[PDB]
Amino acid sequence: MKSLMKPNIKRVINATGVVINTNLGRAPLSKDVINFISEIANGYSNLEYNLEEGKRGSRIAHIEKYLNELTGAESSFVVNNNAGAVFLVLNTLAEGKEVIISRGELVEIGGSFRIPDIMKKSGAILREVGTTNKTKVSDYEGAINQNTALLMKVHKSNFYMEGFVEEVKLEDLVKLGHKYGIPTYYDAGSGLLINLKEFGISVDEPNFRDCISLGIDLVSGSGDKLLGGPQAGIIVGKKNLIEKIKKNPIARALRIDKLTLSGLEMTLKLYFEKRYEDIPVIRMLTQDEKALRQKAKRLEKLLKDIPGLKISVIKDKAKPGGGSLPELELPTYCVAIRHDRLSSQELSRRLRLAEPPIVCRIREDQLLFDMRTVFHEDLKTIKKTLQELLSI
Amino acid sequence: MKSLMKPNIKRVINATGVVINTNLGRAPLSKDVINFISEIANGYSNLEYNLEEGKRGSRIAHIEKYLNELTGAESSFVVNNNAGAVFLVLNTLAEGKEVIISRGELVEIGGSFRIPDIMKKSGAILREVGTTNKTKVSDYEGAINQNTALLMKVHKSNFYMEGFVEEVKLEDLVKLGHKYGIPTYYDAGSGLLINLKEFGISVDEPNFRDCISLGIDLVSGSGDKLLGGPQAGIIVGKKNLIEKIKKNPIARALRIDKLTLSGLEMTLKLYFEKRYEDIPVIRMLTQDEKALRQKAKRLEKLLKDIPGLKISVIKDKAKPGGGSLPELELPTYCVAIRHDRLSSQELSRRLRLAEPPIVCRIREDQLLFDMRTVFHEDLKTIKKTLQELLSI
Amino acid sequence: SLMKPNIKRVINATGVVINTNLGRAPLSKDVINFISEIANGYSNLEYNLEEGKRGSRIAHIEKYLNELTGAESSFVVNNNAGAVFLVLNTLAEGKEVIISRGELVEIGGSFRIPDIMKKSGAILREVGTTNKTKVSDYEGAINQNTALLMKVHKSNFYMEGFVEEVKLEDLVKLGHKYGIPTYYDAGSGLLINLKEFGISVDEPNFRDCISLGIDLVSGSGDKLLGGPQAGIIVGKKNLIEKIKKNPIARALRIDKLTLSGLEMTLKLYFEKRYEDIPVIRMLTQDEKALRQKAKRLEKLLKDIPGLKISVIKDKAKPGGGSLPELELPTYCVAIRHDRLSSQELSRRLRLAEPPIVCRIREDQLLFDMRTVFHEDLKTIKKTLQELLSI
Ligand SMILES: [K+]
Ligand SMILES: [K+]
């Protein structure tokens, strides 16, 4: 067409202050990682080749070692996404047999992924216990039978519940699973690699290393979330299970590509090297209450001149994680702006059609810019784009 | 581990002359493409955001307008890999129902992908017809029944047969398909986008545009083969079928990643722009017989001075496509070497262990460098590595 | 401990108006004297003075219900639990009932939707996800056996994040299209719109939900209705009659007390005396009226030795059983003591005569004033000094 002249996929300025943003492409990547991906993809590589033996070799093989070490699992595996990892795990272990799960955990993440729908297409039988808000242990145990193949737990990533609510301590499931000799599978989904409380964020958000040490047979999660990697189905646990999973032919359709594989490796390397500030998602969530102010007012300083603009700086409690930490509320600083000639709604609309475009949160005709998600070289382009729409 | 300090994924000089090489990571990507991927991954984007509506939209969206226009198909879709495409098509259309395909088309490509084995895990019931070598139309038709959902043909990318062999022309399948009101599915696999004869290579190799205007209902293929794109399952055909496929839960687990999607988009943009020289595979396969020599002797000029080196330049016919054009042979220029002090075999193993490493063809204790697969900036790297090993 | 009653009056300093543990809605003294009068001797419980013969007890109430909800008819059983059980078992025995996966709730310890729907004899057809449920989920599960389209309201909890819910509007449409009836378990027993009282919320009520075309609606008496314990059902005549006719309805029959109390509560409603029903008063109390009451307490506690007293402004949640989402501004009277830890102070406050139940944060004992009566205060002081200074 003539709308195919210029690419439809384009870089976007996130002013929503939502670190994990489903709509905006989730975790962005460090320039360190990306030059590595670029480097790998510019020409040929050792992808499925073992240079030592001069023959073809497993492409997953290196990535695994990282995960095995960082996380502590017996073994591991990686596929296209977590969605597939779930599907793969189910289809491999639970075909035609029962899978027990809480009525509180049967979740739709995104538009196209529904636990029960994919479990059906998985060829597994869903056995749902407890209630929406509350689920005891007696619920999981009571549903065990000759045909129970799997005890599964899903972590509610994109919503939370408050009020009267009960949940089952993972410790309990694993106890149950030993008693009846049923394996425990945990879709964590955020793919948090290590404990959050290390970095100054106080939350009960589960991770690989810790859940592994709990005794959960299998755990999966996304690469592109709290792990701040490329899109990836990350699976870790007991050797005999992973081996069974790898053996499944479906795993071939779910096989990760050169780019993600490399970008992932690099991401993992950073983790071993303990370079947390070099993965953008972690950085953005661990930023200092003052740093946000410092970056907030530097924008106001660039916005005062423009005609017709009332600018304020506010301090607010907002939720920072969209896809990963729904309960989390953190203090941050937003630059609020209002215009005489135009409503905020017509202002956000124009901000979306800009080049480059800018997406911002909105509260009662107060256009807001959360600085948690804003880069330093974004400021310059924000000003330039604000003056071009109104000073045209 | 000790070797975890450094990534195992490293760029590899390809001296094999094998453009599509499974072990070397299939298609390399043009710099223009990688920059766009880079650009996109650097920060937040419109991946799952529709800027015009200011709400979530699908990622697949951006690409499809391109595929449509280029292929001539009614609509299209993209998934992780062609393996997934095949799997997704079968599960979507053929679950619990019979699929007819030739006994000569039931392929294993690579180590992990087997048509019969995937199709079984597909949930689709394999109706095999005809013989390995010979398969007539009557074979196809004869096996049609109330339970026949699908008429499938797979292209034999990785092998061929000689002697007494017969096959069904596609026109015919389409005909049979109209007759019984059953849909025709063709896995090309090589995902060649357009006609090869335009580029000076005379082969009957199938492509999307052509196979669509023959009246095939669904066609799939890999992105990183003869399309020269990133790893992707590429599916094009009738709207009603695509819709059905899209709506499959499993499609979510087959969803392509941010990187490929963007890389893909750029790949297509170049195609639309008819800028073929900028797509590394095509260039490599269209290179002038003369250009080869020009690059070949340019390396020799660099190797004369190095001690103990017997350098020659030879003309040969070797097979350039690894995973796509198995019967094809093309004229090419290898720069062959031998050393008095070292055996070529000990030379090749050292070459594999270099930084960056070098994979080459061996013939009769003579080292060959096929120039078809060799970049201009590799030469300098070659020279520097040869002298560092030999003259040290 | 048979030598004195195990049940006792209790001072709620929790600031939670609907409180499961503390007895839910307290009753207006107007109401309670009416209950008293009736129960003092014989009455026209099941008797028609005009015709000189037997007549039904639920009679008295239902005129009231029908008018205030606008429904064709109504019925009242022991508690909403039974109401739900009764409706399901009457309408859906052996048949399928469609319900969102988000609405299958445990309210309290002993009441679970799926469990009771099981023992109901109804067949549970669950659709959608925990977080999200669309219309197509509901529609798609409709078949020859589908007896009932059921929505349950999440009273004792809520969800935030990515959430999707089915407009009641849409359900009633669905139910007309396939000619299935729609059953809404509100649970809170909100009778009329909240935004009339200055509370801005989408909280569903009988009147509003009846006018939407829901065939049946149930709720508890002792929640946002501020009445005694009661299963309250309103809707279509055909359906109420089927229900009243269930022989189980007779096991779920309300008593003379709750009947009496309930009728008087309703009188109040028709007479538009909202301020005379504790629960509504307590949630509609003015932000300064809480200070005014908070600092009148302080003034009583200054003299007592060893007490550090302050007065704070906070955002807490007022409804325990009914409005789980609602945070409202309120004033707490906070207190510390040098000798005793807050923890040990709390435990002593609960062993008091009369006892006192209060919130706790970080070694700062709090009294929320939202749930405390004027005559409570004198008794607070009198009991604080008797513990600390004994
Ligand atoms: K991928
Ligand atoms: K009763």
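Cβ: placed from backbone, ideal geometry, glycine included. Neighbour counts: every protein chain shown. Each answer follows from the model by the rule given with it, or from the source it names; no laboratory read-out is quoted.
Residues in the range C:349-363 that are surrounded by fewer than 17 Cβ atoms within 10 Å (Cβ to Cβ) and either touching a residue at least 12 places away in the same chain (Cβ under 8 Å) or over 20 Å from C:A316 (Cα atoms) (or both): C:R350, C:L351, C:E353, C:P354, C:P355, C:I360, C:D363. Out of C:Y42, C:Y47, C:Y64, one residue alone is crowded, with 17+ Cβ neighbours inside 10 Å, more than 21 Å from C:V152 (Cα to Cα) and either within 16 Å of ligand 1 (Cβ to nearest atom) or of a type outside the set (A, V, I, L, M) (or both). It is C:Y64. Within the range B:254-287, being surrounded by fewer than 21 Cβ atoms within 10 Å (Cβ to Cβ), within 7 Å of another protein chain (Cβ to nearest Cβ) and of a type in the set (A, V, I, L, M) holds for no residue. Anything in the range B:1-25 that is free of Cβ contacts under 8 Å to residues at least 40 places away in the same chain and more than 7 Å from every other protein chain (Cβ to nearest Cβ)? List them, or say none. Within the range B:1-25, B:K2, B:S3, B:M5, B:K6 meet the criteria.
Return yes when A:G215 is more than 11 Å from ligand 1 (Cβ to nearest atom), closer than 25 Å to A:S157 by Cα and not polar (S, T, N, Q) and no when it is not. Taking the combined requirement at face value, the residue satisfies it. Residue pairs whose Cβ atoms lie under 7 Å apart, separated by 6 or more positions or on different chains, with the first residue in the range C:246-262 and under 16 Å from C:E62 (Cβ atoms) and the second away from ligand 2 (no atom under 11 Å from the Cβ) and in a loop (DSSP other than H, G, I, E, B), are C:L259/C:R57; C:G261/C:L27; C:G261/C:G227; C:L262/C:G227.
Residues in the range C:168-202 that are without any contact (Cβ under 8 Å) to a residue 24 or more places away in the chain, more than 22 Å from the chain's Cα centre (by Cα) and part of a loop (DSSP other than H, G, I, E, B): 1 in all. Among residues that are away from ligand 1 (no atom under 16 Å from the Cβ) and at positive phi, C:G261 is not included.
The criterion of at least 2 residues that are within 14 Å of chain B (Cβ to nearest Cβ) is met, among helices (runs of 4 or more DSSP H) falling completely within the range A:203-253, by A:239-247, A:250-253. Does C:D255 satisfy the criteria of being among the charged types (D, E, K, R) and either within 30 Å of C:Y42 (Cα to Cα) or touching a helix residue (DSSP H, G or I) at 6+ places or on another chain (Cβ under 6 Å) (or both)? For C:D255, the condition - among the charged types (D, E, K, R) and either within 30 Å of C:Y42 (Cα to Cα) or touching a helix residue (DSSP H, G or I) at 6+ places or on another chain (Cβ under 6 Å) (or both) - is met. Identify the residue in the range C:140-186 that is β-branched (V, I, T) and touching a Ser or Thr at 6+ places or on another chain (Cβ under 7 Å) and, among all such residues, is nearest to the other protein chains (Cβ to nearest Cβ). Only one residue tops the list, namely C:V166. Scan C:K272, C:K267 and give me the residue that is assigned by CATH to the domain that holds C:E67 and on the phi > 0 side of the Ramachandran plot. After ruling out the rest, the residue left standing is C:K272. When you check C:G231 against the structure, is it over 14 Å from C:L65 (Cβ atoms), more than 16 Å from ligand 1 (Cβ to nearest atom), buried (at least 22 other Cβ atoms within 10 Å of the Cβ) and in contact (Cβ under 8 Å) with a residue 40 or more places away in the chain, yes or no? Answer is no for this residue. Can you spot a residue in the range B:312-332 that is out of contact with any strand residue (DSSP E or B) (no Cβ under 8 Å at 6 or more places or on another chain), within 14 Å of chain A (Cβ to nearest Cβ) and not aliphatic (A, V, I, L, M)? Yes, that holds for at least one residue.
Condition (residue is of a type in the set (V, I, T), closer than 24 Å to C:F111 by Cβ and part of a loop (DSSP other than H, G, I, E, B)) applied to the range A:110-132: is it met by at least one residue? Looking for residues that are of a type in the set (V, I, T), closer than 24 Å to C:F111 by Cβ and part of a loop (DSSP other than H, G, I, E, B), one finds at least one in the range A:110-132, hence yes. Filtering the range B:234-253 to residues that are surrounded by fewer than 20 Cβ atoms within 10 Å (Cβ to Cβ) and under 23 Å from B:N35 (Cα atoms) leaves nothing.
Filtering the range A:35-92 to residues that are more than 8 Å from every other protein chain (Cβ to nearest Cβ) and among the hydroxyl-bearing types (S, T, Y) leaves A:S58, A:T71, A:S75, A:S76, A:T92.
Taking the residues in the range C:159-180 that are touching a helix residue (DSSP H, G or I) at 6+ places or on another chain (Cβ under 8 Å) and of a type in the set (A, V, I, L, M, F, W, C) as candidates, determine which candidate is nearest to B:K55 (Cα to Cα). For the range C:159-180, the residue satisfying everything is C:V166.
Inspect the range C:111-128 for any residue being in the same structural domain as C:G187 (by CATH), charged (D, E, K, R), touching a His at 6+ places or on another chain (Cβ under 9 Å) and under 26 Å from A:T131 (Cβ atoms) and give the result as yes or no. Among the residues of the range C:111-128, not one is in the same structural domain as C:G187 (by CATH), charged (D, E, K, R), touching a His at 6+ places or on another chain (Cβ under 9 Å) and under 26 Å from A:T131 (Cβ atoms), which makes the answer no. If the requirement is being in contact (Cβ under 8 Å) with a residue 24 or more places away in the chain, on the phi < 0 side of the Ramachandran plot and out of contact with any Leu (no Cβ under 7 Å at 6 or more places or on another chain), which of these qualifies: C:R296, C:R291? When all the criteria are applied, what remains is C:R291.
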